[PDB]
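Structural characterization, general
The residues making up each chain are set out below.
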Amino acid sequence: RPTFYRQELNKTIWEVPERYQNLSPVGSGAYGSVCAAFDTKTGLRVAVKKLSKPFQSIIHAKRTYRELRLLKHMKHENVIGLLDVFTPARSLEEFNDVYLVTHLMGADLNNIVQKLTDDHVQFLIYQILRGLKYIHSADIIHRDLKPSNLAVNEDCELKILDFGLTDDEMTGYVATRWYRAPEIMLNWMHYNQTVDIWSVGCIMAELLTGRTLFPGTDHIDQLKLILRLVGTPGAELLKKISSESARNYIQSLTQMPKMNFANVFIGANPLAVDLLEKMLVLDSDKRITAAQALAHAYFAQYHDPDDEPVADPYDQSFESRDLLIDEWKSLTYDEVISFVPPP
Ligand SMILES: Fc1ccccc1Oc1ccc2c(-c3ccccc3Cl)[nH]nc2c1
């Protein structure tokens, strides 16, 4: 057990091992209770997240467990993983705080991008897909990929944040919804991991043009923006919309053909255009996968199939489990105590 020291920061008492020095709040509120710090043990600038009231309810205790499990599994250059996890508690009895440690990045993709060069788009999208291939290989879905949870350092090296984890914040003219695949935005069906490929398409388009692809003013306005670009669904896809209510609304819409992406993305690399066409497909069954996308000619200067690793299997059976607060807490505690730092 290291020696811990106390400090008041984000209106709360942070108790961290001595190795972590110069703690300073970052993005006040945006990422939660997060401090930047210097890790004297590794020489890395780190981000430390203190979990807010982790075992307050069953739902909170389970998502604390969920976040720790997810962060513990991810070991990839392009995915946020866990450098360290600690609690000041000496036993399960006094266990009530969880601190997570990962790399400190420079900024997010939002406050860095306006229309980029094709070479920068290539590199940035390649890294997203490299990390996504890894995530998807573990049968994990990100679900909420957007520029604000893609973090970049000064070398343009990229890591994905917030993978696998309210109605009001999805309402209106909001970036929280602009990158969502239509089938998840309107709950058409049980969705696959290519909801994340849709998001990549939206992100890639924005890097290339400097403009939000589908900046809808609400769910419906956004759907119309989407269907204008990609066309209205045919009979084949309509069958796959198990939501009879959602299916019925779609059929009320005036049919529209898919637009010419070369006339939408004027001046862009024809290989970029082709890839966008394969990512931004209405039917999720027919979207390109991350592994397929990495082999696309657009990424010829970066692609290396021996340097695009996959993940170990990820047991998420706990998701189907109904446990008590103290049971989720004990499982969380086991995971903290059993943590082994990377080499
Ligand atoms: F603090 C964290 C610990 C473990 C997992 C995730 C955590 O959340 C963040 C939140 C923001 C982070 C940043 C960051 C730092 C400055 C500007 C933007 C960003 Cl995304 N670098 N690393 C981060 C990690």
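Structure determination for the deposited model, as stated in its record, used X-ray crystallography, and the stated resolution is 2.00 Å.

1. A look at the domain arrangement of the protein chain
You can read the domains of the protein chain as domain 1 (1-106 + 311-340) and domain 2 (107-310). Centre-to-centre separation of domain 1 and domain 2, based on C-alpha positions: 30 Å. Facing 20 residues of domain 1, the contacting portion of domain 2 comprises 26 residues. Surface buried jointly by domain 1 and domain 2 totals about 2100 Å² across both partners, of which 61% is contributed by carbon and sulfur atoms.

2. Topic: the layout of surface pockets
It is a probe the size of a water molecule, rolled over the atoms, that shows where empty space is left. Of the volumes computed, that of the second largest pocket is approximately 810 Å³. Lining the second largest pocket are 36 residues, with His76, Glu77, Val79, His103 and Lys159 positioned closest to its centre. Per element, the largest residue contribution to the lining of the second largest pocket is 4 residues, and it comes from helix α2 (residues 118-137). A class-by-class count of the residues in the lining of the second largest pocket yields 18 nonpolar, 7 polar and 11 charged. Shared between two domains, the lining of the second largest pocket takes at least three residues from each, and those domains are domain 1 (1-106 + 311-340) and domain 2 (107-310).

3. Quick notes on the pairing of strand β4 (residues 34-39)
A large share of β4 lies buried, amounting to 5 of its 6 residues. Relative to β4, strand β3 (residues 20-25) runs antiparallel, the two sharing 4 bridges. Looking across to β4, one finds that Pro25 is bridged to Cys35. In this structure, β4 lies alongside strand β5 (residues 44-50), joined through 6 bridges in antiparallel fashion. The partner of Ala37 across the bridge, within β5, is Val46. What sits between β4 and β5 in their antiparallel hairpin is a turn of 4 residues, with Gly43 showing a positive phi close to 75°.

4. Section: the sheet that holds β4
Pairing is antiparallel across the open sheet formed by 5 strands, whose spatial order is β3-β4-β5-β7-β6. Every interior strand has two partners, whereas the edge strands, β3 and β6 (84-86), have only one. Going across the sheet, the axis of each strand differs from the next one's by a mean of 25°, ignoring polarity.

5. Concerning the UniProt feature "active site" in the protein chain
UniProt annotation of "active site" refers to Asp162 when read in the numbering used here. Considering the arrangement of structural elements, one finds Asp162 in the loop between β10 (158-160) and α3 (182-185).

6. Structural notes on the UniProt feature "binding site: ATP" in the protein chain
Following the UniProt record, one finds the feature "binding site: ATP" at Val26, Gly27, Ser28, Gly29, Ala30, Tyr31, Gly32, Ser33, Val34 and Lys49. Annotated residues spanning 24 residues; largest pairwise C-alpha distance 12.1 Å, indicating a single compact cluster. Structurally, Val26 is set in the loop between β3 and β4. Every residue in contact with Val26, bar those within four places of it in the chain, is listed here: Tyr31, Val34, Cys35 and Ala36. Classification of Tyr31 as partly exposed rests on a relative accessible area of 38%.

7. Things to note about the side chain of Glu308
You can see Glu308 is positioned in the loop between α10 (290-294) and α11 (325-337). Nearest to the buried, unbridged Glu308 among oppositely charged side chains is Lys133, at 4.7 Å. One polar contact links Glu308 to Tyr126, side chain to side chain, over a distance of 2.8 Å. A polar contact of 2.9 Å, which involves the side chain of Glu308, links it to the side chain of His303. Leave out the neighbours within four places in its chain, and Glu308 touches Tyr126, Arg130, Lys133, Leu294 and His303.

8. Regarding the site of the ligand
In the neighbourhood of the ligand, 17 residues make up the surrounding shell, with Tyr31, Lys49, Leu100, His103 and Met105 lying closest. Within the backbone of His103, one N or O atom sits 2.8 Å away from a nitrogen atom of the ligand. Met105 places a main-chain nitrogen or oxygen 2.9 Å from a nitrogen atom of the ligand. Relative to its unbound accessible surface of 510 Å², the ligand loses 92% to contact with the protein. Taken together, the elements giving at least two residues each to the shell around the ligand come down to β5, β7 (99-103) and β8 (107-108). A class-by-class count of the residues in the shell around the ligand yields 12 nonpolar, 3 polar and 2 charged.

9. Examining the nonpolar core
Inside soluble globular proteins, nonpolar side chains tend to come together where they are buried. Core analysis: the biggest nonpolar cluster contains 87 residues, and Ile125, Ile128, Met204 and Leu280 have the highest contact counts within it. It is helix α4 (residues 195-209) that contributes the most residues to this core, 10 residues altogether. Both of domain 1 (1-106 + 311-340) and domain 2 (107-310) provide at least three residues apiece to this core.

Criteria and thresholds
- Residues numbered from 1 in each chain as written, not as in the entry; some residues may be left out.
- Heavy atoms only, no water.
- Domains from an automatic or database assignment.
- Contact = heavy atoms within 4.5 Å.
- Buried area = accessible area lost by both parts, 1.4 Å probe.
- 1 Å grid on protein atoms, 1.4 Å probe; cavity = no way out; pocket = protein on both sides within 12 Å on 5 of 7 lines; lining within 4 Å.
- Points joined across faces, edges and corners; volume = space filled by probe spheres on them.
- Helix = DSSP H or I, 4+ residues; strand = E, 2+ residues; numbered from the N terminus.
- Nonpolar A, V, L, I, M, F, W, Y, C, P; charged D, E, K, R; others polar.
- Buried < 20%, exposed > 50% of the residue type's maximum accessible area, 1.4 Å probe, protein only.
- Pairing = 2+ DSSP bridges.
- Axes fitted to C-alpha atoms, helices over the stretch in contact; angles between N-to-C directions.
- UniProt positions renumbered as here; feature names shortened; annotations may be inferred.
- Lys, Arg positive; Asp, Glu negative; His and termini not counted.
- Salt bridge = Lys/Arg side-chain N within 4 Å of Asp/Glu carboxyl O.
- Polar contact = N/O pair within 3.5 Å; in protein donor to acceptor, adjacent residues only side chain to side chain.
- Near = heavy atom within 4 Å.
- Areas by Shrake-Rupley, 256 points an atom, 1.4 Å probe, with all protein chains shown as cover.
- Core = buried A, V, L, I, M, F, W, Y, C linked by side-chain atoms within 4.5 Å.

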